[PDB]
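Just the one chain here, the form deposited in one PDB entry, laid out as structure tokens.
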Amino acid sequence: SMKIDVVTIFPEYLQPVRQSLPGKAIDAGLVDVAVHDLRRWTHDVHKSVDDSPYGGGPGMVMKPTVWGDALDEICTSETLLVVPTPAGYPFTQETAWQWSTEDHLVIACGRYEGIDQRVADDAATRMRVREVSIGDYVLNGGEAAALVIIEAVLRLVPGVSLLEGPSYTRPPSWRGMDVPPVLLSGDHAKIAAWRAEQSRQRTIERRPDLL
């Protein structure tokens, strides 16, 4: 089984992924995803979660005292703490496979300007911490990245190179375009070879880095 806890100031952002888990998976206790409003751990009447950056500059930095309290409550020694950030290590399919066998993921969603670095650094002294980027672009906050990570990981939990080439289905002719006849040939070795060439061409065109 896997437990995922997500901490965010926008808990409703995660609601359409809880309502996305099959009832059978939950009933079988294979998965539980819980979302927590970071403001539960604020200290002041204004429910402050960020503050101006030391050393100056634009934006705000999320408060270590608030995050520290939240993670103290939610995390245990077994936790893998995931922090989405454009400054992270790359999150890849390999990462997804690795995390798919974890018992407890906690995903700390913050603004891209960051969570005070002492939060992750403190957490790393008693649990595993992974700061990760889902791509080479900036998002305002970590919530959409959390959705991507949750989906990529959970689809690898049972019951919860080259690029793929083009796919086709009925009808065989549509708006003047025919399905490649080789796919209708019943020559399955030839079909495999054709698909391999399609994959090669597409990878050269779109992702030459992979070669």
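When you see a residue number, it is the position in the sequence shown, counting from 1.
Just so you know, the form solved in complex with a small molecule exists too; it's not on screen, but the next bit is about it.
Trainee: Hey, in the bound PDB entry, does residue 85 get a heavy atom within 4.5 angstroms of the small molecule?
Mentor: Yes, residue 85 sits close enough to the small molecule in the bound PDB entry that at least one of its heavy atoms falls within 4.5 Å.
Trainee: So in the bound PDB entry, does any heavy atom of residue 111 sit within 4.5 Å of the small molecule?
Mentor: Taking the distances in the bound PDB entry, the answer for residue 111 is yes, it comes within 4.5 Å of the small molecule.
Trainee: Contact between residue 140 and the small molecule in the bound PDB entry at 4.5 Å, heavy atoms?
Mentor: Taking the distances in the bound PDB entry, the answer for residue 140 is yes, it comes within 4.5 Å of the small molecule.
Trainee: Under a 4.5 Å heavy atom criterion, is residue 134 part of the interface with the small molecule in the bound PDB entry?
Mentor: Looking in the bound PDB entry, residue contacts with the small molecule include residue 134, since a heavy atom lies within 4.5 Å.
Trainee: Among 25 to 33, 175 to 183, 38 to 46, 140 to 148, mark the stretch whose residues have heavy atoms within 4.5 Å of the small molecule in the bound PDB entry.
Mentor: Selected stretch: 140 to 148.
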